């Protein structure tokens, strides 16, 4: 099958660094420079072989055509009210970017409010964050170009959708919060740095500050409200309390679900927002999470994990702040994780729980925390919600593996709440009734039972002859819940595959204990859990090693790259998207410093010892057995992928091609594809999404020789 030659890549054999006594060679360290002629040549050379390999099989065109047909279904966001108008996002089907619409009433004629498609020919300019003024008459929105995390904030007057001249630059990982007087808005920005700031640079992001922009002024006049000169890594996001009296500052350092919480009573400012605010340091440590829900006077309701791994709701009275005085409003559940909470219709709380990786939604009384109503839902996830404290109705969107989903609506002014279907779309061509989703629990190496969802065609024989696609993330307290993917269903219907999603440790499926069970010294638990998922699928007859493909992106990219190194015998194909591969230097680039809470940092001897054992870049080794080679591998990244810089993938593929690719027994391809005008993934235009999934499934089809089923 292999009919190409890997490109020549210079090895700097002098690049040696000592890590606590352990010498480490990094011969491809020069790929860390994105703008060098050497790196640019490397990328061109790699793409030169990858593209023809992916496009040789007619299967790619068949998949692409099918994906284009099936993905063409109306896509709506929940309606949300702001001021006197309703807004919602809607994509007719194949538009590159969804459009924001506005209407005067739920039964009124809708009109376009903001169409990002006219901002670029290829749909590479996308909305990234937005905030309406309290009265709903002004609108702030962020725009990101080419997939970069960098944002430029723009403004509009809602009535007439008039563009305003206000423009804010250097915005990244920013809050957006208008003061209720409608005078200005809080946002975050970074200091000037040498080089570029378009997503192609690798420069670390430090010293983020909180500013206040007065509408109608130039950004140069913005007020600095908070900064942390002695703590370069801290990031403070502002939000206004529902009554607009307080500014709450949530300060974070890293990715752990914890934050300091300071507040500023705006009424106590000597003369408005003129400089650093009179911050009151309510919670001045990083011991727990405090997510504002609402407040009634000085009594603030927060969702927290303080002494509660599955989360709970507590009330802190600012006038009697000591912990011994806090009141528990809704106690922690023994197993179900409280994911999020919203306050609506003045005194109702909407609580969303995760029960065995499926969402449940319920209404509670704010005063007592008592359960009032359970909103019926099928097995799946809640992926959209609308309903503020001044609102008198809620909208929520549900999705699952087999259906795009439904948006429900509930008028909360009615004595007997009756949720009703507001919007429901069906995908013609895919009969959900022909497939099934099951949830099993498999034991890992240490005996821990791990959940896994498996989706397949009803009635298949578990003889191990089916191609399988196993997905995992495993980290950062992220829960991987059911979601609708037409791309994966085409693999099931047209390639005869089985889909599996493993809820390994490191995620937040079972609260903080689940997260802590897969980080730092225990990161290897993630990998063991994922490898055990693969073993289960094989033992149970869903697939065989040669027909199994594993996929993950970002921390999930690290996941699959590590599994390829540790158990190359268990997989036939590996697809890693925007993955972290150099665990020794990840903290040196862009926002990488934030991930040390999950991984540790090589600067520490103890941490280095954990990292070196699994860092993909440092564990590529020819399999000992003559009959075992590495699985076919495809790494995907992009020029503006500034969350997890491309250098990780570039150095990893160079190493794979040299160490493994040069061996006589290696016949499976080891390829990388670097896309242009794209980033980490958020905001990717539909056209690119279709191309990407088409590449992925074409790779799988070619490497495993899978026949298309019309």
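Positions refer to the first chain, counted from 1.
**Student:** For the C-alpha atoms alone, is the average B factor greater in 300 to 308 or in 457 to 465, going by the entry?
**Tutor:** Comparing 457 to 465 with 300 to 308, the higher mean C-alpha B-factor belongs to 457 to 465.
**Student:** Please compare 690 to 698 with 19 to 27 and name the stretch with the higher mean C-alpha B-factor in the deposited structure.
**Tutor:** The entry gives the higher C-alpha B-factor average to 19 to 27.
**Student:** Per the PDB entry, which option out of 643, 66, 651, 40 has the greatest Cα B factor?
**Tutor:** Among 643, 66, 651, 40, the highest C-alpha B-factor in the entry belongs to 66.
**Student:** Identify, among 417, 251, 351, 452, the residue whose C-alpha carries the highest B-factor in the deposited PDB entry.
**Tutor:** Comparing C-alpha B-factors across 417, 251, 351, 452, the top value belongs to 417.
**Student:** Consider only the C-alpha atoms of the modelled residues in this chain, order them by B-factor as the entry records it, and name the third containing residue 71: lowest, middle or highest.
**Tutor:** Highest third, going by the recorded CA B-factors of the chain.
**Student:** Rank-wise, by C-alpha B-factor, drop residue 539 into the lowest, middle or highest third of its chain.
**Tutor:** Residue 539: CA B-factor falls in the highest third of its chain.
**Student:** If you rank every modelled residue in this chain by C-alpha B factor, which third holds residue 206: lowest, middle or highest?
**Tutor:** It falls in the middle third of the chain.
**Student:** Sort the modelled residues of this chain by their C-alpha B factor and say whether residue 669 lands in the lowest, middle or highest third.
**Tutor:** CA B-factor rank for residue 669: lowest third.
**Student:** How does residue 663 rank on Cα B-factor within its chain, lowest, middle or highest third?
**Tutor:** Highest third.
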